[PDB]
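Q: This block holds the first chain(s) of the complex, placed as they are in the complex; more will follow:
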Amino acid sequence: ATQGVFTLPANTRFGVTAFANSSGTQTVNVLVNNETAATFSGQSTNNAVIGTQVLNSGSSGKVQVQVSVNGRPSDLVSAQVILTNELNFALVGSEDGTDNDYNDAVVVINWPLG
């Protein structure tokens, strides 16, 4: 199934944060309404925060995460969880290799903010 695609409420601020756990340099692109709105790159095997930013979901609410290593797309896994009917997390893992730890870039989207 499609992964890394989330529908947020329109015109809503959200956080996006990326972590790296791989020998390869991760590139994370975050698209809002099919246009890149944030980009983070870096290498870590210690869960470095390679980027964290506040974005706006815009009129469409369409948010997509893409992960690649030197242009090669990683395979994605994702889900969303809502706590107390109010607090939202959109979660992404990605795999750049063969071990299927799916932590090579980890992306967390959270809303609402403020």
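A: On my side now, so go ahead. Numbering: from 1, shown residues only, chains lettered A, B, ... in the order given.
Q: What is the burial count for residue A:93?
A: Using other CB atoms under 10 Å, residue A:93 has 23 other residues around it. Heads up, the C-betas are built off the backbone N, CA and C, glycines and all.
Q: With residue A:80 instead?
A: Residue A:80 has 12 nearby residues by other CB under 10 Å.
Q: Equivalent analysis for residue A:89, please.
A: Residue A:89, neighbours per other CB under 10 Å, totals 14.
Q: and what of the one 3 residues further on?
A: Each residue near residue A:92 was counted by other CB under 10 Å, and the total is 27.
Q: quick one: what helix or strand has the nearest residue to residue A:102 once chain neighbours are set aside in it?
A: The shortest distance from residue A:102 to any non-neighbouring residue, by CB to CB, 6 or more residues apart in numbering, is to residue A:93 (3.7 Å). Assigned by DSSP states H and E, residue A:93 belongs to strand A:87-95.
Q: Distance of the residue nearest to residue A:102 relative to residue A:53?
A: Taking CB to CB, to the nearest Å as the measure, residue A:93 falls 19 Å from residue A:53.
Q: just residue A:14 next, same as before
A: In terms of CB to CB, residue A:14 sits 10 Å off from residue A:53.
Q: quick one: which of the two has more around it?
A: Per other CB under 10 Å, whichever of residue A:14 and residue A:53 has more neighbours is residue A:14, with 23 against 14.
Q: residues touching the more buried one, list them.
A: A:8, A:54-57, A:63, A:109-113 (CB atoms under 8 Å, 6 or more residues apart in numbering).
Q: Please repeat the previous calculation with a cut-off of 7 Å.
A: Neighbouring residues of residue A:14 by CB atoms under 7 Å, 6 or more residues apart in numbering: A:8, A:55, A:57, A:109-111, A:113.
Q: what about it, which helix or strand?
A: Using DSSP H and E, residue A:14 falls within strand A:13-32.
Q: ok, and for whichever helix or strand comes after that strand, which residues are buried?
A: Following strand A:13-32 in sequence order, the next helix or strand is strand A:35-56 (DSSP H and E). Under the neighbour-count criterion of 16 or more other CB atoms under 10 Å, strand A:35-56 has A:37-38, A:40-42, A:44, A:50-51, A:55 buried.
Q: throw chain B on there as well:
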Amino acid sequence: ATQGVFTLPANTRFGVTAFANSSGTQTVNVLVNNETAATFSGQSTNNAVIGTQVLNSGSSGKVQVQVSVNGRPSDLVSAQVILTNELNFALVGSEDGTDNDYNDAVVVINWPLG
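A: Okay, here's chain B dropped in alongside the others:
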């Protein structure tokens, strides 16, 4: 129900990262084996990262998050999610006031690393 308590695999490194969304300064304590292992603090209404660290779950694997604001413990909400049977998120929201957004301190624990 108890919230903010998670059983990780023993002796396993994990990431812990906290975000703030409130007027009030958030103090986040992370306990491993019922001892404080990390403390983060800061203030933001824009989802700033107020701390991030790698810890070890230790022999018992017991990890607990607590949050205090303006002299009182915040009410917590939490869950754990596992993607593709490999990638683990332990998620915490917290409420320091009356609006029940539960985002006042948000804490993300993720494992495995590396």
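Q: In light of the added chain B, please revisit the contacts of residue A:14.
A: A:8, A:55, A:57, A:109-111, A:113 (CB atoms under 7 Å, 6 or more residues apart in numbering or on different chains).
Q: returning to that earlier point: and the strand holding residue A:14, which residues are buried?
A: For strand A:13-32, the neighbour count (16 or more other CB atoms under 10 Å in any protein chain shown) marks A:13-22, A:24-32 as buried.
Q: Likewise for stretch A:96-112?
A: For stretch A:96-112, by 16+ other CB under 10 Å, it's A:96, A:101-112.
Q: out of these, who's nearest residue B:81?
A: residue A:108 (10.7 Å; CB to CB).
Q: residues contacting the closest one?
A: Neighbour list for residue A:108: A:17, A:89, A:91, B:108 [criterion: CB under 7 Å, 6+ apart].
Q: wait, isn't the second one in contact with residue A:111?
A: Spelled out, it's residue A:89. No. At 8.6 Å, residue A:89 does not count as touching residue A:111 under the criterion of CB atoms under 7 Å.
Q: follow-up on the earlier one: closest to residue B:79 among the contacts of residue A:108?
A: residue A:89 (8.9 Å).
Q: partners of that closest one in the sheet?
A: Here residue A:89 sits in beta bridges with residue A:81, residue A:110, as judged by DSSP bridges.
Q: Now for it: which residues touch it?
A: For residue A:89, the contacting residues are A:80-81, A:108, A:110, B:91, by CB under 7 Å, 6+ apart.
Q: so how far is residue A:101 from the residue of chain A most remote from its centre?
A: Most distant residue from the mean C-alpha position of chain A: residue A:84, 22.6 Å away (CA atoms, centre = their mean). Counting by CB to CB, the separation of residue A:84 from residue A:101 is 30 Å.
Q: right, and residue A:91 touches residue A:79 too?
A: Yes. Taking CB under 7 Å as the definition, residue A:91 is a contact partner of residue A:79 at 5.6 Å.
Q: who's more crowded, these two?
A: Set residue A:91 next to residue A:79 and count neighbours by other CB atoms under 10 Å in any protein chain shown: residue A:91 wins out with 24 against 16.
Q: Count the residues that sit near residue A:86.
A: Counted by other CB under 10 Å, the residues lying close to residue A:86 total 15.
Q: slot chain C in:
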Amino acid sequence: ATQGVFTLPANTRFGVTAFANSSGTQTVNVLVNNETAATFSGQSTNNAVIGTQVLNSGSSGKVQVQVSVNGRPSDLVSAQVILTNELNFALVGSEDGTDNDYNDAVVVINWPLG
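A: The block that follows adds chain C to the chains above:
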């Protein structure tokens, strides 16, 4: 935090299913727009499906689960999880006693149907 309350799409069918795991007879109430729409009951320590029903979420979409045992409300835990941005589960556990297994009545709400 409040538990067992979910905002579903308005006017939409959903499934609700309850499982029992306790020496005590469970009573599960499902409220749509604050009025009882289904009630299930039974006594099992082996996950009996004491009820399953298709309901409509009505004009407001508000769905609430409550659980009682020997006329006493059980403590609830809950969350919602969304797979591939389309498939929704609202999950409830409940505790009638002292062991904190939270499985005494388990309720799963799923949508969309058809």
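Q: and the neighbour count of residue A:92, now that chain C is part of it?
A: 29.
Q: interface residues of chain A facing chain C?
A: A:1-3, A:5-7, A:79-85 (CB under 7 Å from any CB of the partner chain).
Q: Just the buried residues of those residues.
A: A:3, A:5-6, A:79-85.
Q: what's the neighbour count on the closest residue to residue A:12 other than its chain neighbours?
A: Using CB to CB, 6 or more residues apart in numbering or on different chains and skipping residues adjacent in sequence, the residue nearest residue A:12 is residue A:57, 4.8 Å away. Using other CB under 10 Å, residue A:57 has 22 other residues around it.
Q: Would you check that residue A:57 makes contact with residue A:37?
A: No. Here residue A:57 lies out of contact with residue A:37, judged by CB under 7 Å, at a distance of 9.5 Å.
Q: sorry, back to before: just flag the most distant two among the buried ones among the residues of chain A next to chain C.
A: For these, the farthest-apart pair by CB to CB is A:3 and A:84; their separation is 25.5 Å.
Q: how about stretch A:60-67 against chain B, any contact?
A: No. Counting by CB under 7 Å from any CB, chain B has no neighbours in stretch A:60-67; the shortest distance is 12.9 Å.
Q: In CSV, please show the C-alpha coordinates belonging to that stretch.
A: Extracted C-alpha coordinates of stretch A:60-67, given in CSV (Å, rounded to 0.1, in the frame of the first residue of the first chain):
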residue,chain,number,x,y,z
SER,A,60,-5.1,20.8,0.5
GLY,A,61,-3.7,19.3,3.7
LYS,A,62,-1.7,16.9,1.6
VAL,A,63,1.7,16.0,3.3
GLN,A,64,4.1,13.5,1.8
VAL,A,65,7.5,12.3,3.1
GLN,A,66,10.2,11.1,0.6
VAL,A,67,13.5,9.6,1.7
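Q: Kindly calculate the angle that the helix or strand hosting residue A:79 makes with strand C:87-95.
A: For residue A:79, the host element (DSSP H and E) is strand A:75-83. Put simply, strand A:75-83 runs at 50 degrees to strand C:87-95, going by axes from the mean of the first three to the mean of the last three CA atoms, to 10 degrees.
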